[PDB]
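Enquirer: Give me a 3D structure for the following:
(chains A, B, C, D and E)
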Amino acid sequence: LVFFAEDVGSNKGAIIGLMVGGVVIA
Amino acid sequence: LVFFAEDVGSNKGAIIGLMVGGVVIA
Amino acid sequence: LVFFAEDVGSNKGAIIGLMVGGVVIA
Amino acid sequence: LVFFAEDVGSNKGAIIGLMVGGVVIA
Amino acid sequence: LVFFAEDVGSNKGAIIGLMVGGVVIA
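Expert: Numbers count the residues shown, from 1 in each chain, chains lettered A, B, ... in the order given. Shown next is the structure:
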């Protein structure tokens, strides 16, 4: 499993909700 | 299980929400 | 396994929520 | 088996919340 | 099973909340 979450935001501001879900159950 | 995400945005602002569903149930 | 998460924000500001959920239950 | 969570915040300011949960149950 | 979590902040801090939770159970 190779997760790759790249966010390139040039001048975010306002309301920006960054949610990273990384749960594992084995 | 490759999950490549390359979001490229210039001047986001406003109302934005990022969600990365990375749940593994084994 | 691998879980990359990069957030490139050029001049964030405002309201920014970062939720990194990294739980490994084995 | 790696967990990368980097946030390149250039000139944040304002309201910026950060919540990273690093759980490793084995 | 490494964790590379970091938040680069170049200028501008204002109200910021850096909440990290490390739970290494082996």
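Enquirer: alpha carbons only for contacts and neighbour counts from here, please
Expert: Noted.
Enquirer: who's residue A:15 bridged to?
Expert: With DSSP bridges as the criterion, residue A:15 is bridged to residue B:15, residue C:15.
Enquirer: Measure how buried it is and give me the count.
Expert: By other Cα atoms under 10 Å in any protein chain shown, 20 other residues sit near residue A:15.
Enquirer: now the strands for chain A?
Expert: Secondary structure of chain A by DSSP state E: the strands cover A:2-10, A:15-25.
Enquirer: mind listing what's buried in the longest one?
Expert: This points to strand A:15-25. Residues A:15, A:16, A:17, A:18, A:19, A:20, A:21, A:22, A:23, A:24 are the ones in strand A:15-25 that count as buried (16 or more other Cα atoms under 10 Å in any protein chain shown).
Enquirer: Report the contact partners of the fourth one.
Expert: It stands for residue A:18. B:17, B:18, B:19, C:16, C:17, C:18, C:19 (Cα atoms under 8 Å, 6 or more residues apart in numbering or on different chains).
Enquirer: Could you do the fifth one as well?
Expert: When contacts are counted by Cα under 8 Å, 6+ apart, residue A:19 is found next to B:17, B:18, B:19, B:20, C:17, C:18, C:19, C:20, C:21.
Enquirer: Could you report the distance from it to chain E?
Expert: According to Cα to the nearest Cα, to the nearest Å, residue A:19 stands 14 Å off from chain E.
Enquirer: give me the beta-bridge partners of that residue?
Expert: Counting by DSSP bridges, residue A:19 forms beta bridges with residue B:19, residue C:19.
Enquirer: Cool, thanks, talk later.
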